[PDB]
Amino acid sequence: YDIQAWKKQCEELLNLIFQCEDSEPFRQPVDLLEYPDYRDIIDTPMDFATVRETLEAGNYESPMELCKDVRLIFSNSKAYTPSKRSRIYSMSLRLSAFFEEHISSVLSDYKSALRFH
Amino acid sequence: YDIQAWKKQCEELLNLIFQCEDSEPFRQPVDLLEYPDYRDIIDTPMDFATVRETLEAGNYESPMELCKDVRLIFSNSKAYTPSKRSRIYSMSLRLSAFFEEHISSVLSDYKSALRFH
Amino acid sequence: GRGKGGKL
């Protein structure tokens, strides 16, 4: 019933993501020199290094705030490359499933703890 | 005053186009397996290999017929990729300028010759 | 992708 426990849980989940091969395209900002039309499609770029930095700086007040930035990584991936036959679409689907499976217990534990406070 | 002169002029202009790096995406038909939404946007596909073949077979009666097929290559390019920041948009603009500058004297020489006949 | 844009 610890309202601070999510911070270190999310730190370890991001460490696991950076170790997964499927995360490689999402570890740093999309390269706008390589893809100069990216900003015509995408409003707000996002990547796992930015999420990890935002957490480390204590600029997330809750794990749901962190989830909003992660959702944007997968929203942007689909918007720029929607082809279901592409390598990046299949990498996005597997890493999204991996994130959702591990974050679910972090969110429900946090919600339980918050009721008590 | 030669009404046949345009045939060899257009053959040499196509040779110059095929040697320009900007022509690479337009040298053969768009791959409809790689771009399966292409025919949802594009009514009549066209490429420089088809134009060269049509000329060689003597199926153009005038240089204006050849010119309108080449203009369709640039109409299709802009319709499928309109982003002004894309590499293909800037390649299209430069190659189109090059073609128009060389075809103008082929058309005016032919029109002069035709008046005489 | 989005025309001759996107990643593959």
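Chain letters run A, B, ... following the sequence lines, proteins first, then strands; residues in each count from 1.
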| said: If the condition is side chain to side chain donor-acceptor pair (under 3.5 Å), which residues does A:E61 pass it with, not counting sequence neighbours? | reply: none
| task | Using side chain to side chain donor-acceptor pair (under 3.5 Å) as the criterion, list what pairs up with A:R27, not counting sequence neighbours. | result | A:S23
| task | May I ask you to list the residues in residues 96-115 of chain A that approach chain C closer than 4.5 angstrom, counting heavy atoms only, ordered by number? | result | none
Between chain A and chain C, which N and O donor-acceptor pairs fall under 3.5 Å? A table would be great.
residue : atom : partner : partner atom : Å
A:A79   : O    : C:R2    : NH1          : 3.0
A:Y80   : OH   : C:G6    : N            : 3.4
A:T81   : OG1  : C:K7    : N            : 3.4

